[PDB]
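**Student:** Take a look at this one; I'll ask things after.
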Amino acid sequence: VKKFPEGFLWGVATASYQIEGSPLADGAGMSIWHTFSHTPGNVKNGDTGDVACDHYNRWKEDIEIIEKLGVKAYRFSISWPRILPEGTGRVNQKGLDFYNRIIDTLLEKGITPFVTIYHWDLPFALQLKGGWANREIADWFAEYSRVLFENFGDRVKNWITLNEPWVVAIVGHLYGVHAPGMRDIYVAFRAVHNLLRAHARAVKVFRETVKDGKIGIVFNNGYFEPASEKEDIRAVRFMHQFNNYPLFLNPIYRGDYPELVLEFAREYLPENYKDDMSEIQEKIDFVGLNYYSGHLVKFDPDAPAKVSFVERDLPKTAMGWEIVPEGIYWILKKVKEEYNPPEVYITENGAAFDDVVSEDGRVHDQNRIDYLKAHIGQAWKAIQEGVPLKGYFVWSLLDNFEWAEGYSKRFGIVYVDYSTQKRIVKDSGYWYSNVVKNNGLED
Ligand SMILES: OC[C@H]1NC[C@H](O)[C@@H](O)[C@@H]1O
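Numbering (this note's numbering), first residue to last: 407 to 849.
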């Protein structure tokens, strides 16, 4: 048996653009994911978020599923352009109404809301003014955060500024695979910097408006290992510093970017970037870490960053991501060791597999159970060695729009039949329900 501390928060997680559909309903402005997915060639099968899971209409039913499952926390995001259609200025009362109903329902049923302020659906109107590339986004984001705090902060007490800002910056503005679809290394590092400043400004407003709450920030993380005992160890050191929480937590805790990031990227950061560092050090209450995968890494003289991945013969998910459960232990231990934050949450962990509804009307995703079980086990371990892990969130409640992969990748513990919008709880969902009831594993 592996029992978790009393009060440990078992959660599920979603994001606004991935589940809601109806992106232009009730006076909402367009987002960058609306225009990105409506551009031919950007998303698999030309999928968009126009309908998605239709959560915009079926929100009550989805929450009832969370209730029925006994899950104690729900992490969801708010669509910035539903709230401020032009990004700043005018507030759309109908957008506030939609999240107000979700918030009140959750509290009625005793589910704890964890609100992600920004999960990638920037208002299109702000992208026209440069989006994350524009220093002024620190103001725009502050104003948006303030609206949320004032309207919801009486009831919501756990807040996340940014979801995966490395992805936002690098995959959105260097790789061009996500909105707004740009390929410019200098823009991508200005986005990194501005994301930090916007985060710090939001936290500052939070101290003024929600005096009894807690606020953090969420990072993607990979478990990187060297291909050989050789400068292979250093390329792993680079990937951890660049791709993992240190890119943002070295600034927040120590007032500068990590060493190896500066050696690679100093030419691409703003000239006097150090002038912003003391404001960036605004105290946070928790660190959220997402974790999915491990990667074997080698120095490579001819790669963009002097680094390439090498495929390993390990079990992979439908994403082709290698399943390495000890990565979640490693990253929890390392975060304590490097920055010692007062609280940590696993804000996302999960997997995509080729789910099908059997003749018996059930989704037998034993592979997802194996995945979840192995990772929850490893997180248990870190708790026993003193990591202040206060919660764990399965990505995702529902199969949903998986960004540039569209509907073809299913992460849910609940199946969605997109032709009817019927929800079918998967075996993994029933399994997790039992984990939550028992506050841990038992076999
Ligand atoms: O790729 C899986 C999952 N990981 C990271 C993102 O936060 C989420 O939106 C995405 O669907």
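We put the beta carbon where it would ideally sit given N, CA and C, even for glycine.
With DSSP as the reference, label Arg488 as helix, strand or coil.
**Tutor:** Here residue 488 refers to the residue found at position 82 of the sequence shown. Helix at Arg488.
**Student:** Please classify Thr445: is it buried, with 16 or more other beta-carbons within 10 angstroms of its beta-carbon, or exposed?
**Tutor:** Along the sequence shown, one-based indexing puts residue 445 at 39. Looking at its Cβ environment, which holds fewer than 16 other Cβ atoms inside 10 Å, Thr445 is exposed.
**Student:** How many whole angstroms separate the CB atoms of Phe630 and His646, which I take to be in contact at a CB cut-off of 8 Å?
**Tutor:** Along the sequence shown, one-based indexing puts residue 630 at 224. Along the sequence shown, one-based indexing puts residue 646 at 240. Indeed they touch by this definition, with Cβ atoms about 6 Å apart.
**Student:** Here's a check: name, in chain order, each residue in its chain whose Cβ is nearer than 8 Å to the Cβ of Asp662, leaving out the five neighbours to either side.
**Tutor:** Here residue 662 refers to the residue found at position 256 when the sequence shown is read from its first residue. Once the five neighbours on either side are set aside, the close Cβ partners of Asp662 are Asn656, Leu668, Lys680 and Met683.
**Student:** So, does the CB of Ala671 fall closer than 7 Å to a CB anywhere in chain D?
**Tutor:** Protein chains in the displayed structure number just one, and chain D is not present.
**Student:** Near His461, what residues of its chain come up, given a Cβ to Cβ distance below 8 Å and the 5 sequence neighbours on each side ignored?
**Tutor:** As a position in the sequence shown, residue 461 is number 55, starting the count at 1. Cβ within range, chain order: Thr420, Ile425, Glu426, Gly427, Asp468 and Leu804.
**Student:** Taking all protein chains shown into account, decide if residue 852 is buried (16 or more other Cβ within 10 angstroms of its Cβ) or exposed.
**Tutor:** The requested residue 852 does not occur in the structure, where the chain is confined to residues 407 to 849.
**Student:** By Cβ distance, which residues of its chain are closer than 7 Å to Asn448, with the 5 residues on each side in sequence left out?
**Tutor:** Start at 1 with the first residue of the sequence shown, and residue 448 comes out as number 42. Answer for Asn448: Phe442, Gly587 and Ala810, listed in chain order.
**Student:** My output table needs one value for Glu470: the three-state DSSP class, helix, strand or coil.
**Tutor:** Stepping through the sequence shown from its first residue, residue 470 is reached at position 64. Looking at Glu470 - three-state DSSP - the assignment turns out to be helix.
**Student:** Residues in its own chain within less than 7 Å of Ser839 by CB, not counting five upstream and five downstream?
**Tutor:** On the sequence shown, residue 839 is found 433 positions in, with the first residue counted as 1. For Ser839, where only same-chain residues beyond five positions count, the Cβ hits under 7 Å are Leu475 and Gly476.
**Student:** Counting Cβ pairs, one atom from each stretch, are 3 or more of them under 8 Å apart for the segment 575-586 and the segment 553-561?
**Tutor:** Cβ pair count under 8 Å is below three, so no.
**Student:** Verify the contact flag: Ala421, CB atom, against every heavy atom of ligand 1, threshold strictly below 6 Å.
**Tutor:** Position 15 of the sequence shown, counted from the start, is the residue given in the question as residue 421. Checking the Cβ of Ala421 against ligand 1 gives yes.
**Student:** Can you tell me the Cβ-Cβ gap for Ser551 and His525, rounded? I've got them flagged as a contact below 8 Å.
**Tutor:** Reading the sequence shown from its first residue, position 145 is the one you call residue 551. Reading the sequence shown from its first residue, position 119 is the one you call residue 525. In fact, because the Cβ distance is near 14 Å, the residues do not count as touching under 8 Å.
**Student:** When every heavy atom of ligand 1 is checked, does at least one fall within less than 6 Å of the C-beta of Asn569?
**Tutor:** The sequence position of residue 569 within the sequence shown is 163, counting from 1. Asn569: yes, Cβ under 6 Å from ligand 1.
**Student:** Look at the Cβ atom of residue 853, then the Cβ atom of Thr567, and state whether they are nearer than 7 Å.
**Tutor:** Residue 853 lies beyond the range of the chain shown here (407 to 849); nothing can be said about it.
**Student:** Could you check the C-alpha separation between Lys636 and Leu702 for me, to the nearest Å?
**Tutor:** For the purposes of this step, residue 636 is identified with residue 230 of the sequence shown, where counting begins at 1. For the purposes of this step, residue 702 is identified with residue 296 of the sequence shown, where counting begins at 1. Approximately 13 Å, taken between the alpha carbons.
**Student:** Whole angstroms are fine: how far does the CA of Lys478 sit from the CA of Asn569?
**Tutor:** Here residue 569 refers to the residue found at position 163 of the sequence shown. Here residue 478 refers to the residue found at position 72 of the sequence shown. Looking at the two C-alpha atoms, the distance is approximately 21 Å.
**Student:** Apart from the five residues on each side of it in sequence, which residues of its chain come closer than 6 Å, Cβ to Cβ, to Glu848?
**Tutor:** Walking along the sequence shown from the start, residue 848 turns up at place 442. Result list for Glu848: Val407, in chain order.
**Student:** With three or more beta-carbon pairs closer than 8 Å as the criterion, would you say the segment 793-803 touches the segment 742-750?
**Tutor:** Because the criterion of three Cβ pairs below 8 Å is met, the segment 793-803 and the segment 742-750 touch.
**Student:** Using only the alpha-carbon positions, how far apart do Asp503 and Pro721 sit?
**Tutor:** Here residue 503 is taken as the residue at index 97 of the sequence shown, counted from 1. Here residue 721 is taken as the residue at index 315 of the sequence shown, counted from 1. Between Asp503 and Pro721, the C-alpha separation is close to 44 Å.
**Student:** So what's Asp432 in DSSP terms, helix, strand or just coil?
**Tutor:** For the purposes of this step, residue 432 is taken as residue 26 along the sequence shown, with counting starting at 1. Helix, per DSSP.
**Student:** With a Cβ-Cβ cutoff of 7 Å, do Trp736 and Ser699 count as a contact?
**Tutor:** Mapped onto the sequence shown, residue 736 falls at position 330. Mapped onto the sequence shown, residue 699 falls at position 293. Going by C-beta atoms, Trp736 is not nearer than 7 Å to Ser699.
**Student:** Buried or exposed for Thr494, please, with buried defined as at least 16 other CB atoms from any protein chain shown within 10 angstroms of its CB.
**Tutor:** For this step, residue 494 is matched to residue 88 along the sequence shown. When all chains shown are included, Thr494 counts as buried.
**Student:** Which whole-angstrom value is the C-beta distance of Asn696 and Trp572, which I expect to be below 8 Å?
**Tutor:** One-based indexing of the sequence shown puts residue 696 at position 290. One-based indexing of the sequence shown puts residue 572 at position 166. So it is not a contact: roughly 10 Å between Cβ atoms.
**Student:** With hydrogens ignored, establish whether the beta-carbon of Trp439 is closer than 6 Å to any heavy atom of ligand 1.
**Tutor:** For this step, residue 439 is matched to residue 33 along the sequence shown. Because no heavy atom of ligand 1 lies under 6 Å away, the Cβ of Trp439 does not count as near it: no.
**Student:** Look up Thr522 in the DSSP assignment and give the residues it is bridged to.
**Tutor:** Taking the sequence shown and counting its residues from 1, one reaches residue 522 at position 116. Paired residues: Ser483 and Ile566.
**Student:** Within the segment 722-757, note down every full alpha helix (DSSP H) run reaching 4 residues or more, in order along the chain.
**Tutor:** For the segment 722-757, whole alpha helix (DSSP H) runs of length 4 or above, ordered along the chain, are 732-745.
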